[PDB]
$ cat upload.cif   # mmCIF, N, CA, C and O atoms
data_work
loop_
_atom_site.group_PDB
_atom_site.id
_atom_site.type_symbol
_atom_site.label_atom_id
_atom_site.label_comp_id
_atom_site.auth_asym_id
_atom_site.auth_seq_id
_atom_site.Cartn_x
_atom_site.Cartn_y
_atom_site.Cartn_z
ATOM 1 N N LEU A 1039 -67.141 -135.773 -128.985
ATOM 2 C CA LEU A 1039 -66.898 -136.903 -128.179
ATOM 3 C C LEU A 1039 -65.426 -137.201 -128.076
ATOM 4 O O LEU A 1039 -64.888 -137.552 -127.020
ATOM 5 N N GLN A 1040 -64.710 -137.095 -129.150
ATOM 6 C CA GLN A 1040 -63.306 -137.192 -129.255
ATOM 7 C C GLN A 1040 -62.615 -136.188 -128.371
ATOM 8 O O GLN A 1040 -61.662 -136.483 -127.644
ATOM 9 N N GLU A 1041 -63.037 -134.969 -128.403
ATOM 10 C CA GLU A 1041 -62.638 -133.910 -127.557
ATOM 11 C C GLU A 1041 -62.810 -134.267 -126.105
ATOM 12 O O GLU A 1041 -61.946 -134.014 -125.254
ATOM 13 N N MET A 1042 -63.913 -134.838 -125.747
ATOM 14 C CA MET A 1042 -64.228 -135.358 -124.470
ATOM 15 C C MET A 1042 -63.212 -136.364 -124.005
ATOM 16 O O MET A 1042 -62.681 -136.310 -122.891
ATOM 17 N N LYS A 1043 -62.913 -137.329 -124.804
ATOM 18 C CA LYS A 1043 -61.915 -138.305 -124.596
ATOM 19 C C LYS A 1043 -60.569 -137.672 -124.365
ATOM 20 O O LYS A 1043 -59.762 -138.123 -123.547
ATOM 21 N N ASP A 1044 -60.260 -136.635 -125.072
ATOM 22 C CA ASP A 1044 -59.075 -135.867 -125.017
ATOM 23 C C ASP A 1044 -58.872 -135.233 -123.665
ATOM 24 O O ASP A 1044 -57.846 -135.399 -122.995
ATOM 25 N N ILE A 1045 -59.815 -134.476 -123.204
ATOM 26 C CA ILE A 1045 -59.815 -133.797 -121.961
ATOM 27 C C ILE A 1045 -59.572 -134.752 -120.826
ATOM 28 O O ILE A 1045 -58.921 -134.438 -119.822
ATOM 29 N N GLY A 1046 -60.129 -135.953 -120.956
ATOM 30 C CA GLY A 1046 -59.851 -137.032 -120.028
ATOM 31 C C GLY A 1046 -60.244 -136.747 -118.592
ATOM 32 O O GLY A 1046 -59.484 -137.050 -117.668
ATOM 33 N N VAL A 1047 -61.380 -136.193 -118.336
ATOM 34 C CA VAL A 1047 -61.997 -135.889 -117.101
ATOM 35 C C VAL A 1047 -63.323 -136.584 -116.963
ATOM 36 O O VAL A 1047 -64.183 -136.380 -117.827
ATOM 37 N N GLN A 1048 -63.514 -137.392 -115.918
ATOM 38 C CA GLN A 1048 -64.809 -138.034 -115.717
ATOM 39 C C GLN A 1048 -65.906 -136.990 -115.556
ATOM 40 O O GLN A 1048 -66.964 -137.081 -116.190
ATOM 41 N N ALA A 1049 -65.722 -135.987 -114.763
ATOM 42 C CA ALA A 1049 -66.578 -134.874 -114.604
ATOM 43 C C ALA A 1049 -68.019 -135.299 -114.457
ATOM 44 O O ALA A 1049 -68.895 -134.823 -115.179
ATOM 45 N N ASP A 1050 -68.273 -136.248 -113.559
ATOM 46 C CA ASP A 1050 -69.643 -136.655 -113.301
ATOM 47 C C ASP A 1050 -70.394 -135.530 -112.593
ATOM 48 O O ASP A 1050 -69.829 -134.775 -111.799
ATOM 49 N N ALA A 1051 -71.690 -135.423 -112.894
ATOM 50 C CA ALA A 1051 -72.492 -134.357 -112.301
ATOM 51 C C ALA A 1051 -72.452 -134.425 -110.782
ATOM 52 O O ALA A 1051 -72.182 -133.419 -110.111
ATOM 53 N N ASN A 1052 -72.713 -135.605 -110.222
ATOM 54 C CA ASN A 1052 -72.563 -135.784 -108.785
ATOM 55 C C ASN A 1052 -71.127 -135.510 -108.361
ATOM 56 O O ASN A 1052 -70.879 -134.809 -107.372
ATOM 57 N N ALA A 1053 -70.164 -136.044 -109.114
ATOM 58 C CA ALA A 1053 -68.768 -135.759 -108.822
ATOM 59 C C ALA A 1053 -68.466 -134.277 -108.946
ATOM 60 O O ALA A 1053 -67.708 -133.747 -108.135
ATOM 61 N N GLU A 1054 -69.065 -133.594 -109.919
ATOM 62 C CA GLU A 1054 -68.830 -132.164 -110.075
ATOM 63 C C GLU A 1054 -69.313 -131.388 -108.858
ATOM 64 O O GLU A 1054 -68.569 -130.585 -108.281
ATOM 65 N N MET A 1055 -70.568 -131.599 -108.464
ATOM 66 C CA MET A 1055 -71.101 -130.863 -107.324
ATOM 67 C C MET A 1055 -70.307 -131.173 -106.060
ATOM 68 O O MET A 1055 -69.889 -130.263 -105.330
ATOM 69 N N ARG A 1056 -70.071 -132.460 -105.794
ATOM 70 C CA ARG A 1056 -69.300 -132.831 -104.615
ATOM 71 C C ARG A 1056 -67.926 -132.176 -104.636
ATOM 72 O O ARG A 1056 -67.481 -131.608 -103.631
ATOM 73 N N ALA A 1057 -67.225 -132.268 -105.767
ATOM 74 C CA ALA A 1057 -65.864 -131.760 -105.842
ATOM 75 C C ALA A 1057 -65.828 -130.257 -105.621
ATOM 76 O O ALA A 1057 -64.981 -129.751 -104.878
ATOM 77 N N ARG A 1058 -66.729 -129.517 -106.271
ATOM 78 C CA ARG A 1058 -66.712 -128.071 -106.088
ATOM 79 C C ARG A 1058 -66.988 -127.724 -104.633
ATOM 80 O O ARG A 1058 -66.333 -126.847 -104.057
ATOM 81 N N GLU A 1059 -67.934 -128.429 -104.007
ATOM 82 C CA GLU A 1059 -68.217 -128.177 -102.597
ATOM 83 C C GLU A 1059 -66.974 -128.397 -101.739
ATOM 84 O O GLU A 1059 -66.593 -127.529 -100.940
ATOM 85 N N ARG A 1060 -66.328 -129.558 -101.890
ATOM 86 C CA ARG A 1060 -65.176 -129.872 -101.049
ATOM 87 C C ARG A 1060 -64.037 -128.887 -101.279
ATOM 88 O O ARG A 1060 -63.402 -128.419 -100.328
ATOM 89 N N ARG A 1061 -63.750 -128.566 -102.535
ATOM 90 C CA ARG A 1061 -62.611 -127.697 -102.793
ATOM 91 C C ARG A 1061 -62.899 -126.270 -102.338
ATOM 92 O O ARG A 1061 -61.993 -125.570 -101.872
ATOM 93 N N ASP A 1062 -64.156 -125.828 -102.425
ATOM 94 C CA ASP A 1062 -64.498 -124.497 -101.937
ATOM 95 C C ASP A 1062 -64.398 -124.419 -100.420
ATOM 96 O O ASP A 1062 -63.912 -123.417 -99.869
ATOM 97 N N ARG A 1063 -64.865 -125.453 -99.715
ATOM 98 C CA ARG A 1063 -64.709 -125.448 -98.264
ATOM 99 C C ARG A 1063 -63.232 -125.511 -97.888
ATOM 100 O O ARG A 1063 -62.806 -124.903 -96.898
ATOM 101 N N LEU A 1064 -62.424 -126.211 -98.688
ATOM 102 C CA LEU A 1064 -60.977 -126.163 -98.488
ATOM 103 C C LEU A 1064 -60.447 -124.743 -98.644
ATOM 104 O O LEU A 1064 -59.617 -124.288 -97.849
ATOM 105 N N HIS A 1065 -60.892 -124.036 -99.685
ATOM 106 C CA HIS A 1065 -60.451 -122.662 -99.903
ATOM 107 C C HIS A 1065 -60.750 -121.791 -98.689
ATOM 108 O O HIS A 1065 -59.877 -121.074 -98.179
ATOM 109 N N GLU A 1066 -62.001 -121.827 -98.223
ATOM 110 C CA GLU A 1066 -62.374 -120.978 -97.096
ATOM 111 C C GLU A 1066 -61.616 -121.378 -95.836
ATOM 112 O O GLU A 1066 -61.195 -120.514 -95.055
ATOM 113 N N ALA A 1067 -61.428 -122.682 -95.615
ATOM 114 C CA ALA A 1067 -60.668 -123.125 -94.453
ATOM 115 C C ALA A 1067 -59.243 -122.596 -94.511
ATOM 116 O O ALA A 1067 -58.696 -122.134 -93.506
ATOM 117 N N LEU A 1068 -58.625 -122.661 -95.691
ATOM 118 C CA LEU A 1068 -57.283 -122.121 -95.863
ATOM 119 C C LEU A 1068 -57.238 -120.642 -95.519
ATOM 120 O O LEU A 1068 -56.352 -120.185 -94.785
ATOM 121 N N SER A 1069 -58.169 -119.868 -96.077
ATOM 122 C CA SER A 1069 -58.171 -118.431 -95.828
ATOM 123 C C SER A 1069 -58.313 -118.145 -94.338
ATOM 124 O O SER A 1069 -57.613 -117.288 -93.782
ATOM 125 N N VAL A 1070 -59.214 -118.867 -93.673
ATOM 126 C CA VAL A 1070 -59.443 -118.637 -92.251
ATOM 127 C C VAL A 1070 -58.206 -119.008 -91.439
ATOM 128 O O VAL A 1070 -57.840 -118.308 -90.488
ATOM 129 N N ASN A 1071 -57.550 -120.118 -91.788
ATOM 130 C CA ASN A 1071 -56.335 -120.509 -91.079
ATOM 131 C C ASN A 1071 -55.244 -119.461 -91.250
ATOM 132 O O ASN A 1071 -54.524 -119.134 -90.300
ATOM 133 N N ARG A 1072 -55.103 -118.929 -92.465
ATOM 134 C CA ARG A 1072 -54.120 -117.876 -92.693
ATOM 135 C C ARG A 1072 -54.441 -116.642 -91.860
ATOM 136 O O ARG A 1072 -53.538 -116.004 -91.305
ATOM 137 N N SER A 1073 -55.723 -116.282 -91.773
ATOM 138 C CA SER A 1073 -56.108 -115.144 -90.943
ATOM 139 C C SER A 1073 -55.766 -115.395 -89.478
ATOM 140 O O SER A 1073 -55.279 -114.495 -88.781
ATOM 141 N N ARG A 1074 -56.024 -116.611 -88.990
ATOM 142 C CA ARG A 1074 -55.659 -116.954 -87.618
ATOM 143 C C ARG A 1074 -54.158 -116.808 -87.410
ATOM 144 O O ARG A 1074 -53.701 -116.290 -86.384
ATOM 145 N N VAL A 1075 -53.377 -117.293 -88.376
ATOM 146 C CA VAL A 1075 -51.924 -117.196 -88.286
ATOM 147 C C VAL A 1075 -51.500 -115.739 -88.193
ATOM 148 O O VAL A 1075 -50.644 -115.373 -87.377
ATOM 149 N N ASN A 1076 -52.091 -114.886 -89.028
ATOM 150 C CA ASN A 1076 -51.760 -113.466 -88.987
ATOM 151 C C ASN A 1076 -52.109 -112.861 -87.633
ATOM 152 O O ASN A 1076 -51.335 -112.075 -87.074
ATOM 153 N N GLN A 1077 -53.276 -113.216 -87.092
ATOM 154 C CA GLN A 1077 -53.688 -112.681 -85.797
ATOM 155 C C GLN A 1077 -52.702 -113.076 -84.705
ATOM 156 O O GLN A 1077 -52.273 -112.239 -83.899
ATOM 157 N N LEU A 1078 -52.329 -114.355 -84.665
ATOM 158 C CA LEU A 1078 -51.391 -114.814 -83.647
ATOM 159 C C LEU A 1078 -50.032 -114.144 -83.811
ATOM 160 O O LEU A 1078 -49.383 -113.780 -82.822
ATOM 161 N N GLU A 1079 -49.582 -113.970 -85.056
ATOM 162 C CA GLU A 1079 -48.301 -113.313 -85.288
ATOM 163 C C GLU A 1079 -48.330 -111.871 -84.802
ATOM 164 O O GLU A 1079 -47.365 -111.390 -84.196
ATOM 165 N N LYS A 1080 -49.428 -111.161 -85.062
ATOM 166 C CA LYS A 1080 -49.546 -109.793 -84.567
ATOM 167 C C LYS A 1080 -49.553 -109.761 -83.045
ATOM 168 O O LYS A 1080 -48.959 -108.864 -82.432
ATOM 169 N N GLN A 1081 -50.227 -110.723 -82.415
ATOM 170 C CA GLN A 1081 -50.213 -110.793 -80.957
ATOM 171 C C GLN A 1081 -48.790 -110.966 -80.438
ATOM 172 O O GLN A 1081 -48.379 -110.312 -79.470
ATOM 173 N N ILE A 1082 -48.020 -111.845 -81.079
ATOM 174 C CA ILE A 1082 -46.643 -112.082 -80.654
ATOM 175 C C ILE A 1082 -45.800 -110.826 -80.846
ATOM 176 O O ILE A 1082 -44.946 -110.495 -80.012
ATOM 177 N N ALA A 1083 -46.010 -110.116 -81.957
ATOM 178 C CA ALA A 1083 -45.285 -108.870 -82.181
ATOM 179 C C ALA A 1083 -45.612 -107.848 -81.099
ATOM 180 O O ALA A 1083 -44.725 -107.135 -80.614
ATOM 181 N N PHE A 1084 -46.887 -107.760 -80.715
ATOM 182 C CA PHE A 1084 -47.269 -106.864 -79.631
ATOM 183 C C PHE A 1084 -46.572 -107.256 -78.337
ATOM 184 O O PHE A 1084 -46.109 -106.391 -77.581
ATOM 185 N N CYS A 1085 -46.501 -108.558 -78.058
ATOM 186 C CA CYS A 1085 -45.810 -109.018 -76.860
ATOM 187 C C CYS A 1085 -44.351 -108.578 -76.875
ATOM 188 O O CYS A 1085 -43.825 -108.095 -75.865
ATOM 189 N N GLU A 1086 -43.679 -108.737 -78.018
ATOM 190 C CA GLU A 1086 -42.283 -108.312 -78.114
ATOM 191 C C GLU A 1086 -42.147 -106.813 -77.883
ATOM 192 O O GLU A 1086 -41.243 -106.361 -77.166
ATOM 193 N N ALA A 1087 -43.019 -106.025 -78.510
ATOM 194 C CA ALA A 1087 -42.933 -104.578 -78.361
ATOM 195 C C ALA A 1087 -43.112 -104.174 -76.906
ATOM 196 O O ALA A 1087 -42.372 -103.329 -76.391
#

$ encode --input "upload.cif" --output "structure tokens"
Amino acid sequence: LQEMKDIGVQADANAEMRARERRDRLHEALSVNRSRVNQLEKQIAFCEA
């Protein structure tokens, strides 16, 4: 319990599931946005060439 107090994380079960869901959707959104950026950059490079 002391250890628990130490860690200092509420870590509620509902909070846990919600948080993991939101942060994972953030991860995938980030990856997809980066892929879009790469695609547009390659298109621009093709235009220059």

$ atom_distance --input "upload.cif" --atom1 "atom C of residue 1056 in chain A" --atom2 "atom N of residue 1039 in chain A"
24.6 Å

$ atom_distance --input "upload.cif" --atom1 "CA of residue 1049 in chain A" --atom2 "CA of residue 1065 in chain A"
20.1 Å

$ atom_distance --input "upload.cif" --atom1 "CA of residue 1068 in chain A" --atom2 "CA of residue 1083 in chain A"
22.5 Å

$ axis_aligned_box --input "upload.cif" --around "range 1077-1084 of chain A" --padding-each-side "5 Å" --output "lines of an AutoDock Vina configuration file"
center_x = -49.2
center_y = -110.6
center_z = -82.3
size_x = 19.0
size_y = 18.4
size_z = 19.5
